[PDB]
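Lettering follows sequence order; numbering is per chain, from 1. Values reported hereafter were calculated over all heavy atoms of this structure, with side chains retained and with hydrogens, waters and symmetry mates removed.
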Number of protein chains: 2
Amino acid sequence: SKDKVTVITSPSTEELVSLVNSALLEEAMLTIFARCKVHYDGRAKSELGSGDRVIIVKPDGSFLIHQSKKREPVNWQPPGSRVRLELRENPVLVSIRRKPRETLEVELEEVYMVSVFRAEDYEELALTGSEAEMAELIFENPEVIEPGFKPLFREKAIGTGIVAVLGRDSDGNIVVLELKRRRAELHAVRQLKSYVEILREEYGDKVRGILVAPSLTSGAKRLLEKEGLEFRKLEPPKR
Amino acid sequence: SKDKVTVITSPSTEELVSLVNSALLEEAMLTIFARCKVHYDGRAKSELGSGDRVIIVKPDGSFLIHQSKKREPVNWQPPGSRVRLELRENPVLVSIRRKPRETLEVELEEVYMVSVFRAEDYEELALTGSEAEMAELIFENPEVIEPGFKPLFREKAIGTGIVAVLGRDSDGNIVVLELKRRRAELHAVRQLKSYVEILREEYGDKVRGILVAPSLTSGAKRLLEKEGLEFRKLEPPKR
DNA sequence: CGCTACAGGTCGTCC
DNA sequence: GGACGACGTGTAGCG
Ligand SMILES: [Mg+2]
Ligand SMILES: [Mg+2]
């Protein structure tokens, strides 16, 4: 239990069970290379036929099944799921989440490798360049929008929806910003339009919307213009 | 090397280099257990300090870095990225994505395990209970919407945006359907309202919007009612 | 929990 | 290759 790694290739069932169950009691990452079938029923339902895949069970219950292509797991289970290992015609990894009820079944036809990784990590990700940091830059230097802009509220719930920044201009109008940390799309403009309309019905037609993004799509421009909304070019800042 | 799996615990640098090399040449899966540092720069910028993680490099270029928590990799690179291994003071995995330019740098301070898995998988996931299945059901069976509903188009570009289902009703009105495979939120109603207004521009007051979904959030229902749009309860079929 | 919206979203289709 | 929207989206904030 004091080795970081414990690896077995071509494990016997006995060896499988021993390492699987120690991974769980030790709350260590479990990794397995195997030929398997996968059955999922839950929010949706899926079958994956027999094939080789990497399987990972994290100590927090996160379950991953990866094919040899793409970024997404072909199947998974979220944190807080519970897995048991089941002996049947083959060993079967069964993971269940409660609410909503989702079942993942991994039938292990052939286990090429099983491993316990007792991983120590006290460190957490520090990311910069987010939308939240655009909001900060704007409250710290409102001029990046325009002279006299005064930011007032961040994530202000209006009647229906939550607007990213609510504010006032030099004419004393209410100003909605919608921020995107990347090229803004039709859905961004729909957010803004939706918020502005809701405000307009309280505060009159003078309410301004501004989409604040590094750029926007052909579609966003068209709809923005058609709706009389505005665009300010802003890049997400990186610390 | 002719084996499906090769595993070396506590590799030397030469051992490390060798397996990494083979994984890439053999189009195999590369899995590393390591204490590392991660530096990422690209669409955003991030730093992860020294800690233990699982690393996976797929033969299609997908790069994954997993902490012992959550379902998401703490850092990654998408399919198509090119990876190399540089020997600085420590070995450094470098994976770069062209377009947009993104670089991922993993300093391997200690490699606990490195493995090559030559995975054979000819099988594609088969999933049921999607939104597209809802659409099929509605074309096969339009009365699930209402009697004498005539479905005409599916994923139809209108001028700005794309409608899930476009049709007519028995009274000669045009019908927009917005479909959701799960409980519908504000986002959905905004989509629906947006399309219906665009269609009203051409066909005038004779357009109906219908949100089709297993249920609604409070905000959705509120907004839906406000704009006088309609709801039909439908569960995605599991076939 | 339920609502709401962001994400380095990823992914697939189709103009 | 851009635009557009679904996704078993996952994840975080907030009430
Ligand atoms: Mg917003
Ligand atoms: Mg839609």
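- Taking 4.0 Å as the cut-off between side-chain N and carboxylate O, B:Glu131 and B:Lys180 do not count as a salt-bridged pair.
- The nucleotide D:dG8 finds no pairing partner, because no Watson-Crick or G-U wobble arrangement with both distances shorter than 3.5 Å includes it.
- B:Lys156 comes within 4.0 angstrom of nothing in the nucleic acid, heavy atoms only.
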Worksheet entry | Protein-to-nucleotide contact annotation, 5' to 3' order, nucleotides 10-15 of chain D [B base; S sugar-phosphate only; - none; under 4.0 Å, heavy atom] | SSS---

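- Taking 4.0 angstrom as the limit, B:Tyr195 places none of its side-chain polar atoms (N or O) nearer than this to OP1 or OP2 of D:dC4.
- Regarding contacts with the backbone of D:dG2, every side-chain N or O of A:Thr217 stays at 4.0 angstrom or more from both OP1 and OP2.
- Comparing the same atom, P, in C:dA5 and in D:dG8 gives a spacing of 22 Å after rounding to whole Å.
- Nucleotides D:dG5 and C:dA7, compared at atom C1', are 16 Å apart to the nearest Å.
- When the shell of 6.0 Å around CD of A:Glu124 is examined, it contains 12 or fewer heavy atoms from other residues, nucleotides or ligands.
- Distance CZ (B:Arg183) to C1' (D:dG8): 17 Å, rounded to an integer number of Å.
- In this structure, CD of A:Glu47 is placed 15 Å from P of D:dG8, rounded to the nearest angstrom.
- For the pair B:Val38/B:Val74, no side-chain contact is recorded, criterion being any heavy-atom separation below 4.5 Å from C-beta on.
- Here CG of B:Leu223 is found 6.5 Å from CD1 of A:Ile198. Values are rounded to the nearest 0.5 Å.
- When each of B:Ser62 and A:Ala132 is assigned the nucleotide of DNA chain C with its nearest heavy atom, A:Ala132 is the one assigned upstream, toward the 5' end.
- Summarising the local packing, OH of A:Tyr203 is surrounded by 12 or fewer heavy atoms from other residues, nucleotides or ligands at distances under 6.0 Å.
- Among the heavy atoms of the strands, none lies under 4.0 Å from A:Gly42.
- Note on B:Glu185: a base of the nucleic acid sits closer than 4.0 angstrom, heavy atoms only.
- The interatomic distance linking A:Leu186 (CG) with D:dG5 (P) rounds to 5 Å, in whole Å.
- Along DNA chain C, the nucleotide nearest to A:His187 and the one nearest to B:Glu155 differ in position, and the one closer to the 5' end is contacted by A:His187.
- The environment of A:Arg82 atom CZ is dense: over 12 non-hydrogen atoms of other residues, nucleotides or ligands sit within 6.0 angstrom.
- In this structure, NZ of A:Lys180 is placed 16 Å from P of D:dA3, rounded to the nearest angstrom.
- Taking atom CG on A:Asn75 and atom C1' on D:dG8, their separation rounds to 9 Å, with Å as the unit.
- For DNA chain C, the outermost nucleotides in 5' to 3' order that have an atom under 4.0 Å from a heavy atom of chain A are C:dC1 to C:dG12.
- The side-chain contact (heavy atoms from CB on, under 4.5 Å) with B:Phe149 is formed by just one residue from the set B:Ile210, B:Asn141, B:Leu177; it is B:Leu177.
- Across all strands shown, B:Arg222 has heavy atoms under 4.0 Å from sugar-phosphate atoms exclusively, and none from any base.
- Rounded to whole Å, atom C1' of D:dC7 lies 11 Å from atom OH of A:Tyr40.
- Using a 4.0 Å cut-off between charged nitrogen and carboxylate oxygen, B:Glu72 and A:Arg71 count as a salt-bridge pair.
- Annotated as not stacked: the bases of D:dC7 and D:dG8, by the 5.5 Å centre and 30° plane rule.
- Within 4.0 Å (heavy atoms only), A:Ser46 reaches no atom of the nucleic acid at all.
- Residues B:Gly129 and A:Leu216 each lie close to DNA chain D; by heavy-atom proximity, the contact nearer the 5' end of the strand is made by A:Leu216.
- Classification of the B:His66-A:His66 ring pair by plane angle, with boundaries at 30° and 60°, yields tilted.
- Going by the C1'-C2'-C3'-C4' torsion, the sugar of D:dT11 sits on the south side, since that angle is negative.
- At most 12 non-hydrogen atoms from other residues, nucleotides or ligands lie less than 6.0 angstrom from NZ of B:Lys150.
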